[PDB]
Amino acid sequence: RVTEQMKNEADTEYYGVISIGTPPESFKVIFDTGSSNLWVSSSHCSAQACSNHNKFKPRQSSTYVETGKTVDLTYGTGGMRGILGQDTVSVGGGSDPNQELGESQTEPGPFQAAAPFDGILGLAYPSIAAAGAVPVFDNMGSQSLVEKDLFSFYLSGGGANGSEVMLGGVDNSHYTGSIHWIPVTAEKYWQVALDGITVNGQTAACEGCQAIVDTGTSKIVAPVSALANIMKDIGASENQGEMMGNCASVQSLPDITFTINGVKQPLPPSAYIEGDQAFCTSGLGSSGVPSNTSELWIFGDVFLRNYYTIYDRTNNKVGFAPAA
């Protein structure tokens, strides 16, 4: 059914548009696969964060219907406050009535103020929706709005423009080779299982690794213990607390590969290293969210810029294809 170009802030933040209300008030929301709620700065908020963002005004939408239910949604710190309501929400073109939205009441963290989006549109499963909010996608779903019950993401590199969110279709001009499928191991986050880690075609840490596939994370994150041997591998050393390493040593650095469903997919240094001039930082960090099984990897933006990503809700599976 359609796609749209969305924006890239320094390869950290991938955010784009949506419209809410009759007549429509337009907002920049982070497209987040690692969360399921929908919320927007609202005129019920007066924190400082809320002051510099685009606020949603319920009185100026002739389609709004309020619900007094409040939400307390700490997002794995984000940790705001909200009130539930209902209005028509449009994403990528002309679609969703009686869509349950969170209007913020108090929004702090030494990121809501300077974050570049006015709210968050969660794309994970209903299970992780704080306070039972119906995720957007689940509704397009139920209301049989899309051709196919898929969405996919292309992310650009070096902050170029060209990132895309495709809903109900895949964009064929964005990947090369074959789509590599793996099923969702848990219908929480978009979780998948990893059969093995390899560094230069050789083993190194997994037989039970799970990986959340998150657009909300700017990094690739590894299990707390194993972070270290990987560090020891490329030669990274603590610097403002970044793990940096000499540029000059970079074309000869290891290839990391994950065995997911029998296929071992590579991740070159070119991809996990950000060379932001004369300085090479290691974009890899320690896994922060708690495993409700056994330690987890988070495949944030560093994997997603290497792999075009397909999320499949009728068959519960995620697919990767090399990004073009």
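Position 1 is the first residue of the sequence; numbering continues from there. Just the heavy atoms: all of them, side chains too, but no hydrogens, waters or symmetry mates, feed the values below.
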**Message:** What verdict does the salt bridge (charged side-chain N to carboxylate O under 4.0 Å, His left out) test give for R313 and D138, after you've listed the backbone C-alpha separation in whole Å, the side-chain angles of each residue and the deciding distance to 0.1 Å?
**Reply:** CA-CA 9 Å; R313 285 299 287 298; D138 275 70; 3.2 Å; yes

**Request:** Any chance you could lay out the side chain to side chain donor-acceptor pair (under 3.5 Å) test for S163 and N8, step after step, and finish with the verdict?
**Result:** CA-CA 7 Å; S163 315; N8 181 358; 4.7 Å; no

**Candidate pair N316 and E187, rule side-chain contact (heavy atoms from CB on, under 4.5 Å), full reasoning** = CA-CA 8 Å; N316 290 120; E187 298 152 61; 4.0 Å; yes

**Request:** Evaluate the criterion side-chain contact (heavy atoms from CB on, under 4.5 Å) for residue pair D195 and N261; output intermediate values, then yes/no.
**Result:** CA-CA 7 Å; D195 271 342; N261 263 73; 5.8 Å; no

**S287/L296 under side-chain contact (heavy atoms from CB on, under 4.5 Å): CA gap, chis, key distance, verdict** = CA-CA 7 Å; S287 183; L296 87 141; 3.5 Å; yes

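Looking only at side-chain heavy atoms (C-beta outward), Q210 and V192 stay at 4.5 Å or farther from each other. Side chains of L121 and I18 form a contact here, defined as non-hydrogen atoms less than 4.5 Å apart. At a threshold of 4.5 Å between non-hydrogen side-chain atoms, the residues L253 and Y272 count as touching.
One side chain, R305 or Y14, offers a donor N or O that lies under 3.5 Å from an acceptor on the other. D32 and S35 form a side-chain donor-acceptor contact under 3.5 Å, judged by distance and modelled atom types alone. Looking only at atom types and distance, the side chain of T309 has a donor-acceptor partner in the side chain of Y311 under 3.5 Å away. Using modelled atom types, one finds no donor on one side chain facing an acceptor on the other under 3.5 Å when comparing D87 with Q99. With 3.5 Å as the limit, one finds a donor-acceptor pair spanning the side chains of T281 and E242.
Within the 3.5 Å criterion, the main-chain N or O of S104 finds a donor-acceptor partner in the side chain of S42. A donor-acceptor pair is defined here as one N or O able to donate and one able to accept, closer than 3.5 Å; such a pair exists between the side chain of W190 and the backbone of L123. Under the 3.5 Å distance criterion, the side-chain polar atoms of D214 are matched with a main-chain donor or acceptor of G216. The backbone N or O of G158 sits less than 3.5 Å from a side-chain atom of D11, completing a donor-acceptor pair. In this structure, the side chain of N239 engages the main chain of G241 through a donor-acceptor pair within 3.5 Å. Between the side chain of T215 and the backbone N or O of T33, at least one donor-acceptor pair lies under 3.5 Å. Without hydrogens or angle criteria, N37 side chain to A130 main chain gives a donor-acceptor distance under 3.5 Å. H180 places a side-chain N or O within 3.5 Å of a backbone atom of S178 that can act as its donor or acceptor partner. Side chain of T63 to main chain of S61: no donor-acceptor pair is present (N/O by atom type, distance under 3.5 Å, no hydrogens or angles). Panel note: side chain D171, backbone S173; a donor-acceptor pair is recorded below 3.5 Å.
Across all their heavy atoms, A324 and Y154 have their closest contact at O-OH, 3.8 Å. The nearest pair of heavy atoms linking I197 to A205 is CG2-CB, 3.3 Å. Contact between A248 and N246 at its shortest, heavy atoms only, is CB-OD1, 3.4 Å. Considering every non-hydrogen atom in both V17 and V91, the closest pair reads O-CG1, 4.4 Å. The two residues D96 and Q143 make their nearest non-hydrogen contact at OD1-OE1, 3.6 Å. Nearest heavy-atom pair across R1 and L145 is NE-O, 3.3 Å.
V250 is connected to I234 through a chain of hydrophobic side-chain contacts under 4.5 Å among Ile, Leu, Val, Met, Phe, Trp and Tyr, so both are in one cluster. At a threshold of 4.5 Å between side-chain heavy atoms, the hydrophobic network of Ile, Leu, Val, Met, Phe, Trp and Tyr places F137 and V134 in two separate groups. No single ILVMFWY cluster, assembled from side-chain heavy atoms under 4.5 Å apart, contains both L194 and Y189. The same ILVMFWY cluster, assembled from side-chain heavy atoms under 4.5 Å apart, contains both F258 and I182.
Under the 30°/60° scheme for interplanar angles, the aromatic rings of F153 and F151 are found to stand perpendicular. Using cut-offs of 30° and 60° on the angle between ring planes, the pair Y308 and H174 is parallel.
Taking CG from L38 and CD1 from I120, the interatomic distance works out to 10.0 Å, rounded to the nearest 0.5 Å.
When ring centroids are compared, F320 and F303 come within the 6.0 Å threshold. You'll find the ring centres of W39 and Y75 inside the 6.0 Å limit.
Comment: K55 does not engage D118 in a salt bridge, judged by the lack of any side-chain N to carboxylate O separation of less than 4.0 angstrom. A salt bridge between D72 and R81 is present, with a side-chain N of the basic residue lying under 4.0 Å from a carboxylate O of the acidic one. Ion pairing between a basic and an acidic side chain is recognised when a charged N comes within 4.0 Å of a carboxylate O; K57 and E103 show no such pairing.
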